[PDB]
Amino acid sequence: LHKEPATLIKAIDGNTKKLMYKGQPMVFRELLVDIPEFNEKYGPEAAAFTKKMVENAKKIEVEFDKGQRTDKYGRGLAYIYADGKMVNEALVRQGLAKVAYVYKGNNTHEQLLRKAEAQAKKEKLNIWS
């Protein structure tokens, strides 16, 4: 896999899911995670967590997997990195998302993320508390 550059595009409502990739705006959806929505338990914590990670990054990169690059909603499907640190993994490791949506072809980092979840569960973090 390859990391490619992006930048955060500021949103009116403060969300940090839209990135500028090859010069164009694109909503990205993080591969391999289920992230609680704002109104669910740990929703506000997960949003604050990703927001701090992406907004403070000097460098954002996106990394496509080997399969589909966009979903049925037109969202980019990628591993998102903030100064070399993967957002998808960091959410899971902190118990702020679960490993989920594992489709064929786009599963390169599955075992890496499942290890993070196992560690988060062992430590009773957040969702696992």
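All residue numbers refer to positions in the sequence shown, first residue = 1.
- Checked against the record, the higher mean CA B factor of 109-117 and 9-17 lies with 9-17.
- The PDB entry reports B-factors from which the mean C-alpha value can be compared for 69-77 and 54-62; the larger average falls on 54-62.
- By the numbers in the PDB entry, the CA B factor is greatest at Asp83 among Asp83, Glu89, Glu45, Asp34.
- For the set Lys104, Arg29, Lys98, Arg93, the PDB entry assigns the largest Cα B-factor to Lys104.
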